[PDB]
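Okay, so here's just one chain, in structure tokens, the form deposited in one PDB entry.
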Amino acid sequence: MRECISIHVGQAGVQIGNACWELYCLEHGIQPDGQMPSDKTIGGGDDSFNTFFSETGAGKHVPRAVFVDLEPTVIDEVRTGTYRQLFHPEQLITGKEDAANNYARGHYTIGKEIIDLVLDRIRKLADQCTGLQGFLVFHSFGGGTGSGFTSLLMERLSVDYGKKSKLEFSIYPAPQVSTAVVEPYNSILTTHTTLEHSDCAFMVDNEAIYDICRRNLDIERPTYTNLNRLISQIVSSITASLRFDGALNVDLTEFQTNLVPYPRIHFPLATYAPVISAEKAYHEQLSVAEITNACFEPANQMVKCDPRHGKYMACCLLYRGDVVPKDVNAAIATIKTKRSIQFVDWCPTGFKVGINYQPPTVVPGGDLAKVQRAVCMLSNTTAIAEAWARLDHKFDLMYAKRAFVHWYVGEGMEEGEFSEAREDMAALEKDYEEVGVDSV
């Protein structure tokens, strides 16, 4: 089988998960109460939903998810909402306060009081998986829970599993926009978990999605729901090859093999090209070439970084809908003719391509238009280092005076860690500068 286990940690993770599971239920015909009408109507027995759901004898489809948060508020919103009957009642909550935006509470003091329960539920889920493919972890770098507890959980999962893949879909701090004063500390301290215990980490910036919503969808006042829906579409694109048929199917192992050249360079950039409102869906052809060109536009990147200031190390184009391979080959040739899109000299091939026959499904009340074609581009490039460097500068401004450090050291974290993480981040930056240099 082709199972995947989703782990949503913190407020950002849980809300992205709400969007994700809404989308998956709509894609597979599952209703919020968990019942599939197509089973009783057509007859069933010829459907593939095991990647994200487990079927009981009575016909209820329980998602393979584990929602975790150190405060009850967001999960309590989940258990009173439309999807209260979907999830197993074991949605994990600490019966105490949150991490208060500091890594120490999520890692050392308050996070140790649910880690056993979380690992027990992950055990119970994985034992029901015959063909487990990997973990999909959702969190935020800038949060206390989404840094400390995700670090602790991924340490434990690496100790327990090791061989299984682990994919992060994290919300990285924006250059200018922010919603907390101690984001640089939490995000720097999260470098170890996302560099040593992950296998492919996808980073997303709220400012980039805000600009995408403004420019493309014509939404001057987007809230977090639109961001979560767009991220959900990206995750649906990544995991579509495990659920539907296609001319070229790309599972997680093939994708990682083609995209990760060395064990440490596993921080690609995602891009969903045909983000278009219904009004602009007309007046546009939305051909394969146009969407592939839109992928490489710097304005459409989901991280505030300029790909023109770096060299692409690898690319993976995952197409959905009415796409023929020859159109993709023509588009890739057009991209290779362009000079602004520079590839390293040691990856002459460059492009991994997958094609799927299932077009994207539109959520009612959503912003994206109904499109016959879609593509998700996952690009391993050296420009992403810029997004790190800015963050490091913020850290260097606060740690010089040891501001806000007493909160961290008063919850079981030694001071030297603040330096150590920074050093690790610097080392990572050096690697990203040492791979783009051309061969002698």
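Just count from 1 along the sequence shown to find any residue number. Basically, rigid core = biggest C-alpha set you can superpose within 1.5 Å across the two forms.
What follows is about the form deposited in another entry, which we do not show.
For the listed set 206, 91, 232, 101, the sole C-alpha moving 2 Å or more between this form and the one not shown on a rigid core superposition is that of 91. Taking the rigid core as fixed, one finds a CA shift for residue 47 of 2 Å or more between this form and the one not shown. Relative to the superposed rigid core, residue 38 undergoes a CA displacement of at least 2 Å between this form and the one not shown.
Note: residue 121-residue 93 Cα separation is 3 Å or more shorter in that other deposited form than here. By 3 Å or more, the C-alpha separation between residue 371 and residue 41 grows in that other deposited form relative to the form shown here.
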